[PDB]
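S.K.: This is the structure I want to talk about, given as structure tokens.
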Amino acid sequence: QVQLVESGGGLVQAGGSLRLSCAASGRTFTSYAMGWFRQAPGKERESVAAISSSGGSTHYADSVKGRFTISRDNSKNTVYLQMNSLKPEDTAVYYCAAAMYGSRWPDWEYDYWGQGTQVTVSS
Amino acid sequence: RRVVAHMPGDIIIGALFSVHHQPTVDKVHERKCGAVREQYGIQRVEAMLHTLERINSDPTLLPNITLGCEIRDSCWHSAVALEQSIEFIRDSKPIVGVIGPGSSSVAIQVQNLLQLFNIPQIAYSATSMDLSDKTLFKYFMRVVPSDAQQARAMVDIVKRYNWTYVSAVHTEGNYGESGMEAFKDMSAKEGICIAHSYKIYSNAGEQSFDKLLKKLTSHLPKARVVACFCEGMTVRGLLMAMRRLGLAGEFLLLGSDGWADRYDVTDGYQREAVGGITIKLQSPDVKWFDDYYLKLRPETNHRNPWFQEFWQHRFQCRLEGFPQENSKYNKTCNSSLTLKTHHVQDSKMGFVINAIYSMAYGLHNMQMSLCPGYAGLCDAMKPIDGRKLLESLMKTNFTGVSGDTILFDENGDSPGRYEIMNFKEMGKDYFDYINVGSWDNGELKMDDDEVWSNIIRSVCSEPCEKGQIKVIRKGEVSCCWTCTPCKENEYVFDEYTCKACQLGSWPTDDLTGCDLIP
Ligand SMILES: *[C@@H]1O[C@H](CO)[C@@H](O)[C@H](O)[C@H]1NC(C)=O
Ligand SMILES: *[C@@H]1O[C@H](CO)[C@@H](O)[C@H](O)[C@H]1NC(C)=O
Ligand SMILES: N[C@@H](Cn1oc(=O)[nH]c1=O)C(=O)O
């Protein structure tokens, strides 16, 4: 029974940067893969980025490619998403979710969630 | 911590399978297990899962009762299986029973813990005779027979092929030691000389097996056949030392069930194993397991955590977007890949499934003897008493998955038969195992023309020619003698000792009795 905590969000100007953290409770975080996804009001939820359980191998959505970077320190038991040069269409509730057992990302079976950090990009 | 294969149910049953290899001698204290295993690992795990699915589906066996499981890595290592057994004990849903593990030596370490909490254990491949002691191991049972039969069969094989001066190697552990000492007690009683008994751990370095092979060539050329009560990788190490040294083809290895028909032992060093005679246990391939296993895919199967690792390992590719993706492999996994290619089913899979059914039918007999009318679990089995479960499991009389009635004796053992195999060549450069014999309840049947078709001689002294030559033992061993002739007046009384004719008599032409001098 693993519990996740989101942090790092808030409000940022147009073109700015913001870094996101997500911490997991209990061991066997190394055994689970991690993937950040965002959801905006009215709009449906969009899978942002993903990192393998062992790390090193990463995937991103076309929209955030070349702009964001996902990373993880298993020793710290934490995952990170650095969002360099944010756009106004990035304003959403970002969630961090653990997934052991999926298919090609975005198709993963996420079987643990987090609280959720609100990110607001002002025009 | 270690990941577990979880499955929910109204009754959770423990399982210990060797998903990974024994940790390297370097990082043994660290308990970092080695490469993933298919036949002794992944396959057994999926069999556990599917068999429990079937027991749920079956309305006759355990009706209105759901069977869950907690499948943990044994790693074929005492310490690792013991930590995971502690993780079973951690609760006191509790673990009702435990299936496995593989090695008898590890099974003892696990049983010692489980017995204290009255958790019945059923082993699929642990054959050692020491596990037949029910005062030492009250809550232990196994679907395979005691090694007191397999040792007798190995002795009978030595007897049939007139082998007397043999070398003896066994894997350092309970399985190897118990089997080897039973072979010693039987062979010596049946007049078979043991040149020397050698013991080595499976994970011993290259130099260690080189030393072992040199010590084996110390008795050459007299002692060529090596009676091996060796598990797996021990025989493999011997073959690799034969490749290193060049002593290949000089010995004949008589393997035990540790090398029944295991292709992971001979693959890559085929020439070295040619001629080897090994013993398998009577386990016909379980039909419906292949239908379930071969259809498995990494995209679909999500209850086995190690399946991602195993799929990336067996095909040596990287599953592009999958969660437990490993960057090591340089190739990427194709959709064309399937398990049907080069599929080798676990030899002891039948015993695995039969042990799961043993636990199931024991629970069902207890269910009927406690909650007769109530469909499912009543207040009498809330909670389930381990002692009552053991008493009901010892009295289990059911028909197995191989269409054969499985029953348990007073010592918690099941009856069994063995198939005698031969690793000969089926054509130029192609080598494979072939059934050459059988052993059941004493009777040993063999096809002598298939093994040699070419014959091997492993004796310390050739029989003394009939005329007058007596058998006189050498400095030390019995089977070693020096054929010395008799005096002109002496006739041969028996093969061993000569006797002289009294005055006036003289030995006959057949040198069996005396005859007066004309
Ligand atoms: C074993 O020895 C007996 C007696 O000499 C002989 O009849 C038999 O053919 C031998 N068998 C083999 C396999 O050497
Ligand atoms: C198993 O049970 C059946 C049904 O009662 C019985 O006929 C059979 O004899 C039992 N097996 C043995 C070995 O007694
Ligand atoms: N019978 C062996 C079990 N075993 O060892 C192997 O190498 N394979 C295999 O099945 C034992 O009792 O330890």
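Following the order of the structure tokens, first chain is A, next is B, and so on, with residues numbered from 1 inside each chain and ligands from 1 in the order they appear.
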Pick out the residues no farther than 7 Å from ligand 1, counting only C-alpha atoms and all ligand atoms, and list them as a PyMOL selection string.

M.R.: chain B and resi 160-162

S.K.: With only C-alpha atoms considered, list every residue of chain A at most 10 Å from chain B, as an MDAnalysis selection string.

M.R.: chainID A and resid 26:35 50:59 98:109

S.K.: Output N, CA and C atoms for every residue in that selection, as an mmCIF file, in the first residue's frame.

M.R.:
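Dumped to again.cif:
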data_model
loop_
_atom_site.group_PDB
_atom_site.id
_atom_site.type_symbol
_atom_site.label_atom_id
_atom_site.label_comp_id
_atom_site.auth_asym_id
_atom_site.auth_seq_id
_atom_site.Cartn_x
_atom_site.Cartn_y
_atom_site.Cartn_z
ATOM 1 N N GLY A 26 6.889 3.707 1.520
ATOM 2 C CA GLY A 26 7.218 2.300 1.568
ATOM 3 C C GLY A 26 8.174 1.880 0.466
ATOM 4 N N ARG A 27 8.724 0.683 0.634
ATOM 5 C CA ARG A 27 9.720 0.145 -0.285
ATOM 6 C C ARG A 27 9.043 -0.317 -1.583
ATOM 7 N N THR A 28 9.831 -0.937 -2.469
ATOM 8 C CA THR A 28 9.395 -1.413 -3.793
ATOM 9 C C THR A 28 8.810 -0.291 -4.654
ATOM 10 N N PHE A 29 9.334 0.923 -4.468
ATOM 11 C CA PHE A 29 9.183 1.993 -5.452
ATOM 12 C C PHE A 29 10.069 1.752 -6.664
ATOM 13 N N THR A 30 11.204 1.085 -6.456
ATOM 14 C CA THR A 30 12.064 0.695 -7.564
ATOM 15 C C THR A 30 11.383 -0.329 -8.464
ATOM 16 N N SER A 31 10.438 -1.095 -7.919
ATOM 17 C CA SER A 31 9.732 -2.119 -8.677
ATOM 18 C C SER A 31 8.584 -1.562 -9.513
ATOM 19 N N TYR A 32 8.164 -0.324 -9.264
ATOM 20 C CA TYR A 32 7.073 0.327 -9.973
ATOM 21 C C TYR A 32 7.625 1.380 -10.930
ATOM 22 N N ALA A 33 6.977 1.530 -12.086
ATOM 23 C CA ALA A 33 7.319 2.613 -12.999
ATOM 24 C C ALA A 33 6.489 3.842 -12.651
ATOM 25 N N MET A 34 6.898 5.007 -13.156
ATOM 26 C CA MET A 34 6.212 6.229 -12.753
ATOM 27 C C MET A 34 5.833 7.049 -13.977
ATOM 28 N N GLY A 35 4.652 7.670 -13.934
ATOM 29 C CA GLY A 35 4.249 8.526 -15.033
ATOM 30 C C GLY A 35 3.389 9.711 -14.641
ATOM 31 N N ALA A 50 6.742 9.806 -18.796
ATOM 32 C CA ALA A 50 6.843 8.518 -18.125
ATOM 33 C C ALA A 50 8.295 8.071 -18.038
ATOM 34 N N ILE A 51 8.639 7.425 -16.923
ATOM 35 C CA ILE A 51 9.967 6.871 -16.700
ATOM 36 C C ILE A 51 9.833 5.439 -16.189
ATOM 37 N N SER A 52 10.723 4.574 -16.677
ATOM 38 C CA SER A 52 10.702 3.156 -16.362
ATOM 39 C C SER A 52 11.029 2.918 -14.891
ATOM 40 N N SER A 53 10.650 1.729 -14.413
ATOM 41 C CA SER A 53 10.861 1.379 -13.011
ATOM 42 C C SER A 53 12.338 1.435 -12.638
ATOM 43 N N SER A 54 13.212 0.985 -13.535
ATOM 44 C CA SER A 54 14.649 1.062 -13.309
ATOM 45 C C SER A 54 15.224 2.435 -13.629
ATOM 46 N N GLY A 55 14.468 3.293 -14.307
ATOM 47 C CA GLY A 55 14.973 4.584 -14.713
ATOM 48 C C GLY A 55 15.740 4.505 -16.019
ATOM 49 N N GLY A 56 16.355 5.625 -16.370
ATOM 50 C CA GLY A 56 17.148 5.698 -17.599
ATOM 51 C C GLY A 56 16.373 5.833 -18.894
ATOM 52 N N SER A 57 15.385 4.969 -19.114
ATOM 53 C CA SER A 57 14.555 5.015 -20.312
ATOM 54 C C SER A 57 13.320 5.864 -20.033
ATOM 55 N N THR A 58 13.096 6.886 -20.859
ATOM 56 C CA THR A 58 12.018 7.840 -20.640
ATOM 57 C C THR A 58 11.204 8.044 -21.912
ATOM 58 N N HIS A 59 9.972 8.517 -21.720
ATOM 59 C CA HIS A 59 9.042 8.803 -22.805
ATOM 60 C C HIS A 59 8.306 10.098 -22.490
ATOM 61 N N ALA A 98 1.904 5.593 -10.122
ATOM 62 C CA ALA A 98 2.764 4.425 -10.228
ATOM 63 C C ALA A 98 2.088 3.337 -11.049
ATOM 64 N N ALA A 99 2.888 2.653 -11.863
ATOM 65 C CA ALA A 99 2.403 1.609 -12.761
ATOM 66 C C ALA A 99 3.469 0.520 -12.847
ATOM 67 N N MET A 100 3.229 -0.569 -12.132
ATOM 68 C CA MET A 100 3.820 -1.858 -12.438
ATOM 69 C C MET A 100 2.850 -2.572 -13.369
ATOM 70 N N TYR A 101 3.387 -3.279 -14.366
ATOM 71 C CA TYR A 101 2.611 -3.929 -15.424
ATOM 72 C C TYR A 101 1.816 -3.046 -16.390
ATOM 73 N N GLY A 102 2.424 -2.594 -17.481
ATOM 74 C CA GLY A 102 1.611 -2.084 -18.574
ATOM 75 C C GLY A 102 1.925 -2.606 -19.968
ATOM 76 N N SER A 103 1.683 -1.748 -20.953
ATOM 77 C CA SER A 103 2.027 -1.976 -22.354
ATOM 78 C C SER A 103 2.851 -0.757 -22.760
ATOM 79 N N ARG A 104 3.009 -0.538 -24.063
ATOM 80 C CA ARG A 104 3.665 0.680 -24.530
ATOM 81 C C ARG A 104 2.954 1.910 -23.976
ATOM 82 N N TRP A 105 3.706 2.755 -23.277
ATOM 83 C CA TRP A 105 3.160 4.006 -22.769
ATOM 84 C C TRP A 105 2.593 4.820 -23.931
ATOM 85 N N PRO A 106 1.458 5.518 -23.745
ATOM 86 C CA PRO A 106 0.655 5.770 -22.538
ATOM 87 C C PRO A 106 -0.147 4.593 -21.969
ATOM 88 N N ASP A 107 -0.184 3.446 -22.644
ATOM 89 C CA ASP A 107 -0.977 2.311 -22.165
ATOM 90 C C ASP A 107 -0.231 1.604 -21.039
ATOM 91 N N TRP A 108 -0.446 2.071 -19.810
ATOM 92 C CA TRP A 108 0.024 1.399 -18.605
ATOM 93 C C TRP A 108 -1.158 1.202 -17.666
ATOM 94 N N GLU A 109 -1.087 0.172 -16.824
ATOM 95 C CA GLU A 109 -2.070 0.006 -15.751
ATOM 96 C C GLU A 109 -1.529 0.672 -14.494
#

S.K.: As a ChimeraX atom specification, please: the residues near segment 373-389 of chain B (cut-off 9 Å, only C-alpha atoms, same-chain neighbours under 3 positions excluded).

M.R.: /B:10,62-65,96-97,117-120,139,362-363,365-368,370,392-394

S.K.: Residues within 10 Å of ligand 3 should be enumerated using only C-alpha atoms and all ligand atoms and returned as a ChimeraX atom specification.

M.R.: /B:40,76,101-107,123-129,131,144,146-147,171,173-176,178-179,202,229-235,256-262,265,280-281,346-348

S.K.: Within 9 Å of ligand 2 (counting only C-alpha atoms and all ligand atoms), which residues show up? I'd like them as a list in words.

M.R.: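 Checked against 9 Å with only C-alpha atoms and all ligand atoms; the hits are residues 396, 397, 398, 399, 405, 406 and 407 of chain B.
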
S.K.: Just want the 8 Å neighbourhood of residue 286 of chain B, counted on only C-alpha atoms, with same-chain residues fewer than 5 positions away dropped. Output as JSON, numbers by chain.

M.R.: {"B": [349, 350, 401, 402]}

S.K.: Restrict the selected residues to N, CA and C atoms and save them as a compact mmCIF listing (two decimals), in the first residue's frame.

M.R.:
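What ended up in again-v3.txt:
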# COMPACT_ATOMS: atom_id res chain seq x y z
N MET B 349 6.86 -30.13 -14.03
CA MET B 349 5.64 -29.32 -13.99
C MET B 349 4.46 -30.12 -13.45
N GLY B 350 4.37 -31.39 -13.83
CA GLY B 350 3.31 -32.24 -13.32
C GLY B 350 3.30 -32.29 -11.80
N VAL B 401 -3.31 -34.84 -11.79
CA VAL B 401 -3.42 -34.19 -13.09
C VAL B 401 -2.90 -35.10 -14.20
N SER B 402 -1.94 -35.97 -13.90
CA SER B 402 -1.43 -36.92 -14.88
C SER B 402 -2.30 -38.17 -15.00

S.K.: One decimal, in Å: what's the spacing between atom CA of residue 76 of chain A and atom CA of residue 4 of chain A?

M.R.: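 Atom-to-atom, atom CA of residue 76 of chain A and atom CA of residue 4 of chain A are spaced 13.2 Å apart.
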
S.K.: What residues in segment 14-163 of chain B get the DSSP label strand (DSSP E)? Please answer as a list in words.

M.R.: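 Residues meeting the strand (DSSP E) criterion: residues 14, 15, 16, 17, 67, 68, 69, 70, 71, 72, 73, 95, 96, 97, 98, 99, 121, 122, 123, 140, 141 and 142 of chain B.
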
S.K.: What parts of segment 257-437 of chain B does DSSP call helix (DSSP H, G or I)? I'd like the answer as a ChimeraX atom specification.

M.R.: /B:257-259,263-266,270-273,287-293,306-314,349-370,386-394

S.K.: Excluding same-chain residues fewer than 4 positions from residue 340 of chain B, what lies within 9 Å of it counting only C-alpha atoms, as a list in words?

M.R.: residues 294, 295 and 344 of chain B

S.K.: Could the residues in this selection be written to a file with N, CA, C and O atoms, as a PDB file, in the first residue's frame?

M.R.:
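Result file is result13.pdb:
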ATOM      1  N   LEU B 294       1.800 -20.645 -23.447  1.00  0.00           N
ATOM      2  CA  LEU B 294       2.249 -20.175 -24.753  1.00  0.00           C
ATOM      3  C   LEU B 294       1.419 -19.008 -25.273  1.00  0.00           C
ATOM      4  O   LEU B 294       1.907 -18.241 -26.111  1.00  0.00           O
ATOM      5  N   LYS B 295       0.185 -18.851 -24.795  1.00  0.00           N
ATOM      6  CA  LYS B 295      -0.638 -17.709 -25.174  1.00  0.00           C
ATOM      7  C   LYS B 295      -0.278 -16.441 -24.410  1.00  0.00           C
ATOM      8  O   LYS B 295      -0.770 -15.365 -24.767  1.00  0.00           O
ATOM      9  N   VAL B 344      10.434 -25.267 -24.282  1.00  0.00           N
ATOM     10  CA  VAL B 344      10.837 -26.433 -23.504  1.00  0.00           C
ATOM     11  C   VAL B 344      10.056 -26.387 -22.198  1.00  0.00           C
ATOM     12  O   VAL B 344      10.280 -25.500 -21.365  1.00  0.00           O
TER      13      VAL B 344
END

S.K.: What lies within 7 Å of residue 14 of chain A using only C-alpha atoms, ignoring chain neighbours under 4 positions off, as a tab-separated table (two decimals) with C-alpha atoms, in the first residue's frame?

M.R.:
chain	number	residue	atom	x	y	z
A	86	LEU	CA	5.90	26.60	-19.99
A	87	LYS	CA	2.98	27.63	-22.25
A	88	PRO	CA	-0.55	28.73	-21.26
A	121	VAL	CA	0.51	29.53	-16.20
A	122	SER	CA	-0.51	33.18	-16.44
A	123	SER	CA	-0.82	34.85	-19.85

S.K.: Have a look at atom CA of residue 114 of chain B and atom CA of residue 75 of chain B and let me know their distance in Å, one decimal.

M.R.: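 Those two atoms sit 18.0 Å apart.
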
S.K.: Just the number, please: distance in Å from atom CA of residue 66 of chain A to atom CA of residue 84 of chain A, one decimal.

M.R.: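 If I compute the distance from atom CA of residue 66 of chain A to atom CA of residue 84 of chain A, I get 9.0 Å.
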
S.K.: Please provide as a list in words all residues within 9 Å of residue 51 of chain B, with the sequence filter that same-chain residues fewer than 2 positions apart are discarded (counting only C-alpha atoms).

M.R.: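 Here the qualifying residues turn out to be residues 46, 47, 48, 49, 53, 54, 55, 56, 289, 353, 356 and 357 of chain B.
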
S.K.: Could you dump the residues just selected with N, CA and C atoms as a short mmCIF file (atom, residue, chain, number, x, y, z; two decimals), in the first residue's frame?

M.R.:
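The result, stored in out_12.cif:
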data_model
loop_
_atom_site.label_atom_id
_atom_site.label_comp_id
_atom_site.auth_asym_id
_atom_site.auth_seq_id
_atom_site.Cartn_x
_atom_site.Cartn_y
_atom_site.Cartn_z
N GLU B 46 3.44 -19.21 -13.35
CA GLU B 46 2.22 -19.16 -14.15
C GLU B 46 1.37 -20.41 -13.95
N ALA B 47 2.01 -21.56 -13.75
CA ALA B 47 1.27 -22.79 -13.46
C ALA B 47 0.51 -22.68 -12.14
N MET B 48 1.18 -22.19 -11.09
CA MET B 48 0.52 -21.89 -9.83
C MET B 48 -0.74 -21.06 -10.06
N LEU B 49 -0.57 -19.92 -10.74
CA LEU B 49 -1.68 -19.00 -10.98
C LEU B 49 -2.84 -19.70 -11.70
N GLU B 53 -6.71 -20.75 -10.64
CA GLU B 53 -7.87 -20.33 -11.43
C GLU B 53 -8.78 -21.52 -11.73
N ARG B 54 -8.18 -22.65 -12.09
CA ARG B 54 -8.97 -23.85 -12.40
C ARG B 54 -9.67 -24.38 -11.16
N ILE B 55 -8.98 -24.41 -10.02
CA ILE B 55 -9.60 -24.90 -8.79
C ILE B 55 -10.80 -24.03 -8.42
N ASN B 56 -10.70 -22.72 -8.64
CA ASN B 56 -11.86 -21.86 -8.45
C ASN B 56 -12.97 -22.22 -9.44
N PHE B 289 -1.40 -26.87 -19.47
CA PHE B 289 -0.50 -25.79 -19.07
C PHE B 289 0.10 -25.09 -20.28
N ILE B 353 1.90 -28.93 -10.32
CA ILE B 353 0.44 -28.83 -10.37
C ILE B 353 -0.20 -29.84 -9.43
N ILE B 356 -0.15 -28.45 -5.94
CA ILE B 356 -1.21 -27.46 -5.73
C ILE B 356 -2.55 -28.15 -5.54
N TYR B 357 -2.81 -29.18 -6.35
CA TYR B 357 -4.03 -29.97 -6.18
C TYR B 357 -4.04 -30.74 -4.86
#

S.K.: Select, from A:20, A:5, A:61, A:12, the residue with the minimum atom-to-atom distance to residue 113 of chain A, counting only C-alpha atoms.

M.R.: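 Once distances to residue 113 of chain A are computed over only C-alpha atoms, the minimum belongs to A:5.
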
S.K.: Between B:254, B:28, B:273, B:98, single out the one closest to residue 423 of chain B, counting only C-alpha atoms.

M.R.: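 Of B:254, B:28, B:273, B:98, the one nearest residue 423 of chain B is B:273, counting only C-alpha atoms.
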